[PDB]
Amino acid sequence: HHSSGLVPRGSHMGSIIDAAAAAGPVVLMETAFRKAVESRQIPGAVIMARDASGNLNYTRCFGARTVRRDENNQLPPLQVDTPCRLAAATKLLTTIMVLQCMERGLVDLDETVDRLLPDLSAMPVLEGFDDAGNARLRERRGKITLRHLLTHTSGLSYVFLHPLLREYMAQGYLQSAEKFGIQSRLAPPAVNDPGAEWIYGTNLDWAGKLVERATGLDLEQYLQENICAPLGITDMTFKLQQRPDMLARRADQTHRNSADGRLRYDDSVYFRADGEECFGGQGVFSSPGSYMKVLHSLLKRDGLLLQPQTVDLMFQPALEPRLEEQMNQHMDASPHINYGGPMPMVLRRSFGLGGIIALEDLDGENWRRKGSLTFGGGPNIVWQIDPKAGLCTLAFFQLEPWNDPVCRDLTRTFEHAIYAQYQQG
């Protein structure tokens, strides 16, 4: 029998193995993350999941915020409050800011940008190059609206992505459009007409300018007053170099070398200068914790950032069938870019306001449902909100390049486990 005055624990190997019930999906997944850190495959990660009710409030942190040893020769930890580079995860923030302007009657989603962005309206479309290497430019056909900006259907693209703009830079057209090693997201020309196709581009950088001009505030002040303050966030900024307290604790970016798969310190220009202006497509620094507050507020429809009906708009398929078709074709053909991150490489999608919408269940009742909204940031950051499942999740790394297979597999493992144990209905 038992020992007098002592809790009756396992007394032999039979009752000690049975004393521990078998490991569920989440515990097994945590082991995968720990092993990835231990085997040096990743520097670290933070994973977070929340429901609306409060019964799911899950945060786990693994590994280091850098590969550079600190003053004590140690590798400091990546924490839920570690300042990180959000890159394109900034786009959700800027989308919210635009939508607030709409709610306050400052802008209309279908008005042309000409009033507030005459500098964008006057910009030509790059069509090609002559034999001498001179750019061939033409007038835009049709007008860009704010809804085109929010849905990436304006005709704007990115210099690092579109072959026309790669050439444009090669020919030297953008050598004066940079300061502190950061290239202007406003200078490059469009590569198509608005409504012609879905093209990932500098749309939210322009939308951010629109917010600035509609409100008379710089995007930094607007951010602070309208997203940070209502959520009690004190560590979310475009101006990292003005926050000594965040600088002292920030993550470093890590890069995985293509040749050997080894992790190395990445001395990113974005961590040495903020730049002269706020680029709402890419420029915010914050912690995983503060980012989850944004996702969670949207999931709860608590009205702190936007009215519930405005949030609902963000989740509606915005593309007419022609564009929906072309986006899916482009994305299906481009697993090397993979905007959808952990999502299946072939999936019926649309675009909402703020990200990609799944138009079908990713794996029946095992994973994200139809109507879920998602996007990411360069350093393998992935976020999603799933209203049907009652969940939102974020996987935060500080590792480039985007679409790193190890991070993608871990992210899938994370979401799969959370859904398996905690999805409702």
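Numbering starts at 1 and runs along the sequence shown.
Two stretches are in play, 386-394 and 22-30, and the higher mean C-alpha B-factor belongs to 22-30. The PDB entry records a higher mean C-alpha B factor for 260-268 than for its counterpart among 349-357 and 260-268. Note on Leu117, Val159, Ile337, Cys84: the highest value goes to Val159, judged by CA B factor as recorded. Across the options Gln221, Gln253, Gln79, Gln183, the residue with the most elevated CA B-factor in the record is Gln183. In this PDB entry, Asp51 carries a Cα temperature factor that places it within the middle third of its chain's modelled residues.
Remark: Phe238 belongs to the middle third of its chain, ranked by C-alpha B-factor as recorded. The PDB entry assigns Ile144 a C-alpha temperature factor belonging to the middle third of its chain's modelled residues. Looking at the C-alpha B-factors along this chain, the one for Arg166 belongs to the highest third. In the deposited entry, the Cα temperature factor of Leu304 sits in the top third of values across the chain's modelled residues.
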